[PDB]
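Just so it is clear, the values below take in all heavy atoms, side chains as well, and ignore hydrogens, waters and symmetry mates. Chain A is the first sequence line, chain B the second, and so forth, proteins listed ahead of strands; every chain is numbered from 1.
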Amino acid sequence: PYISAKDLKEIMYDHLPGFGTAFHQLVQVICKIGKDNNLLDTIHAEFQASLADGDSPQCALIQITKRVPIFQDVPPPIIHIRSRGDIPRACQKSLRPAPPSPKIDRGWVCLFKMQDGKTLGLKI
Amino acid sequence: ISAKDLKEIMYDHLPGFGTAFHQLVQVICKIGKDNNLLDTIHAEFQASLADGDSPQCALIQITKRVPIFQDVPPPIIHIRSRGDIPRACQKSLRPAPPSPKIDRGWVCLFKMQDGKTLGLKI
RNA sequence: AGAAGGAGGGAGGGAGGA
RNA sequence: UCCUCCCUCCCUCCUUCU
């Protein structure tokens with residue numbers, strides 16, 4: 001029954017409006033950490049269970065970070081970019097300087113590292 | 001440690017009155033009391049705070065970390081009308097799935113005189 | 001996406017008081 | 001002229017939670 005990083009992203013993506021929003025990014029981060037730790041299934045199941053509770057798909061993504069334990073243990077991934085323009089418009093409003101040991105299950109999706117040295121966290 | 005006392009501790013930390021966390025405090029202390037686990041629940045509450053967690057966070061950690069809250073259904077609370085539910089919880093009401101889990105944020109189930117049931121969901 | 005708390009503000013309904 | 005209570009609705013700020 002095992003699912004693919006490919007189609008999970010597909011599914012979760014089907015469920016959200018907009019393009020390149022903080023939640024599309026969060027989908028990407030969840031699936032990557034998903035693959036590399038062999039939890040794409042645990043993760044799909046929590047996504048479904050949260051929709052059953054009545055959670056908006058945004059909220060469901062959030063529940064994964066808070067309920068699937070891997071995400072309390074892997075830091076938000078660093079993503080090397082040139083400049084802040086490279087980040088999608090929808091995410092612009094959600095960038096914040098990151099504090100020490102930023103946690104995914106606290107809303108820190110990823111860390112954008114630009115070529116001027118400045119790092120900006122994507123905060124949900 | 002006592003149920004009455006611990007509720008008052010937990011409350012003294014919470015913002016507002018009549019919020020979902022106030023309801024959760026009552027559920028936690030009720031379950032803790034029926035089951036002789038107030039000591040465990042209090043320790044975990046204090047432990048969360050020491051890690052620097054918000055009191056709201058600490059209550060959630062109890063539901064996730066003290067195993068009893070994985071193994072019992074959300075309490076059924078019987079009420080006259082929906083208007084009997086405090087203002088702060090109103091926007092948090094929603095229909096429960098079949099086996100709502102307390103450790104999934106389902107604080108309790110309000111059963112009205114009409115037989116209709118809404119879960120309080122955090 | 002949504003909720004709670006505090007703060008600032010703007011519009012309109014019902015009532016009561018100075 | 002002002003105040004209080006309740007009911008809609010709109011904007012911004014801080015914190016918390018899912």
Side-chain angles (χ1 to χ4, degrees), chain A residues 11-30 43 46-69 71-72 88-94 96-97 99 102-109 121-124, chain B residues 10-28 45 48-49 51-65 69 74 81-97 100-108 110 118-122:
Chain A
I11 288 150
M12 295 174 171
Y13 262 93
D14 288 7
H15 276 95
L16 322 155
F19 299 99
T21 61
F23 294 100
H24 292 89
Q25 188 65 54
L26 179 50
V27 169
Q28 302 282 184
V29 161
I30 286 164
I43 287 168
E46 178 61 47
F47 188 69
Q48 295 307 342
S50 293
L51 299 165
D53 288 330
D55 293 329
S56 57
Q58 298 82 186
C59 185
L61 295 171
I62 293 192
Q63 303 296 193
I64 292 154
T65 65
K66 290 173 190 290
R67 282 170 193 160
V68 188
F71 293 97
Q72 290 112 80
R89 294 188 174 191
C91 286
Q92 289 299 339
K93 20 169 178 188
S94 295
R96 279 234 227 130
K103 295 307 215 83
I104 303 188
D105 71 284
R106 284 271 129 244
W108 299 98
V109 180
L122 183 62
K123 169 80 193 218
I124 286 178
Chain B
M10 292 187 167
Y11 271 21
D12 287 339
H13 287 71
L14 289 181
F17 296 94
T19 67
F21 295 99
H22 290 91
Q23 193 60 47
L24 181 45
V25 167
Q26 278 176 245
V27 173
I28 284 165
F45 185 65
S48 262
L49 297 178
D51 301 306
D53 291 337
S54 69
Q56 293 185 339
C57 199
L59 291 174
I60 298 294
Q61 305 279 38
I62 293 163
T63 69
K64 293 180 168 139
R65 302 215 269 234
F69 305 103
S81 173
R82 185 170 165 153
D84 288 355
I85 295 165
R87 180 183 298 173
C89 303
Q90 288 286 335
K91 307 244 204 152
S92 284
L93 302 177
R94 65 166 79 174
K101 293 299 292 289
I102 299 191
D103 71 301
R104 293 190 55 91
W106 289 107
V107 183
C108 66
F110 295 111
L118 287 159
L120 177 58
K121 172 93 210 273
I122 289 167

Under 30°, 30 to 60°, or over 60°: which ring-plane class applies to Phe47(A) and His15(A), parallel, tilted or perpendicular? perpendicular
Return the value, rounded to whole Å, for the distance between atom [atom1] of [X] and atom [atom2] of [N].
X: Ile104(A); N: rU18(D); atom1: CD1; atom2: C1'; value: 17 Å
X: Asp105(A); N: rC17(D); atom1: CG; atom2: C1'; value: 12 Å
X: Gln25(A); N: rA1(C); atom1: CD; atom2: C1'; value: 17 Å
X: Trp106(B); N: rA3(C); atom1: CH2; atom2: P; value: 15 Å
X: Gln90(B); N: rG2(C); atom1: CD; atom2: P; value: 19 Å
X: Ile62(B); N: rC17(D); atom1: CD1; atom2: P; value: 14 Å
X: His13(B); N: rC17(D); atom1: NE2; atom2: P; value: 15 Å
X: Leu59(B); N: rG5(C); atom1: CG; atom2: P; value: 15 Å

To the nearest 0.5 Å, what is the distance between [atom1] ([X]) and [atom2] ([Y])?
X: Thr63(B); Y: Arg104(B); atom1: OG1; atom2: CZ; value: 11.5 Å
X: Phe21(B); Y: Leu14(B); atom1: CZ; atom2: CG; value: 8.0 Å
X: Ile124(A); Y: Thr21(A); atom1: CD1; atom2: OG1; value: 8.0 Å
X: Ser48(B); Y: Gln56(B); atom1: OG; atom2: CD; value: 12.5 Å

Identify, between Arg87(B) and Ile122(B), the residue whose nearest nucleotide on RNA chain D lies closer to the 5' end.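 Checking each residue's closest nucleotide, the 5'-ward one belongs to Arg87(B).
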Check ion pair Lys66(A)-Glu46(A) (N to O, under 4.0 angstrom): no
Salt-bridge contact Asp53(A)-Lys101(B) (side-chain N to carboxylate O under 4.0 Å): no
Please determine whether the number of non-hydrogen atoms from other residues, nucleotides or ligands lying under 6.0 Å from atom CZ of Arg89(A) exceeds 12. no
Given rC17(D), is OP1 or OP2 found less than 4.0 Å from the side-chain N or O atoms of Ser54(B)? yes
In terms of side-chain heavy atoms of [X], which of [options] is nearest?
X: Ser92(B); options: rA3(C), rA4(C), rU18(D); answer: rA3(C)
X: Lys91(B); options: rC17(D), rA1(C), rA4(C); answer: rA4(C)
X: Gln58(A); options: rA4(C), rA1(C), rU18(D); answer: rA1(C)

Would you mind classifying the nucleic acid contact of [X] as base, sugar-phosphate or nothing, using non-hydrogen atoms under 4.0 angstrom?
X: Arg106(A); answer: sugar-phosphate
X: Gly105(B); answer: nothing
X: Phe23(A); answer: base
X: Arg94(B); answer: nothing
X: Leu14(B); answer: nothing
X: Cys89(B); answer: nothing

Identify all stems in which RNA chain D takes part, counting only runs of at least 3 consecutive pairs (Watson-Crick or G-U wobble, each distance under 3.5 Å), and give each as one range with another, ordered by first number. C:1-18 with D:1-18
